């Protein structure tokens, strides 16, 4: 089985810039049997290049591929808004045809710090034995962020899950949610519930908290 390695894992460029994606094989594959695919969230992959060079019918000129042997490259000379997605390289010359791991091209915009909110659990849920505390990070770039939960100043670990949106179509920002799940028993045994957020666009951390029963 031929191993296809793609790099970088994520490319952050602004519309108009040149994007170069790399695909490196373990064996020397034939340049006639390499294809590149474009895939947007939810949709099926669309073919861009075949034979490592030829463009598919209906693909703009700004897409172009090259390379031979072990190293292959796909180039988007002038990024348009609809070019931002994940890209895959495929080889179809060896008996088990293989694909590389995705290279995601992402819109680069100005660094924007998130808007942080915290939501206490509802009494409707507390009567049912569970307690969920939610921390909301809204409209921020880039996607890299950190959320720390502190219950009575004690840092938490292992009882929280995150969820992030795709890059927004209009402002190219992200949003994030972090849910802290406790039992009703352990929730009532503590007073202060804080969410500490650290982002590239934040000079100092931003903490949001509430006091149980108040």
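Residue numbers count along the first chain shown, from 1.
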| item | value |
| --- | --- |
| 163-171 or 24-32, whichever carries the higher mean Cα B-factor | 24-32 |
| Of 179-187 and 61-69, the stretch whose C-alpha atoms average the higher B-factor in the entry | 61-69 |
| Residue 47 - Cα temperature factor, lowest/middle/highest third of chain | middle |
| Within-chain third of residue 209 by Cα B-factor, per the entry | lowest |
| Chain-wide C-alpha B factor ranking for residue 88, given as lowest, middle or highest third | middle |
| Modelled-residue ranking by C-alpha temperature factor, third containing residue 14 | middle |
| Chain third (lowest, middle, highest) by recorded CA B-factor, residue given as residue 120 | lowest |
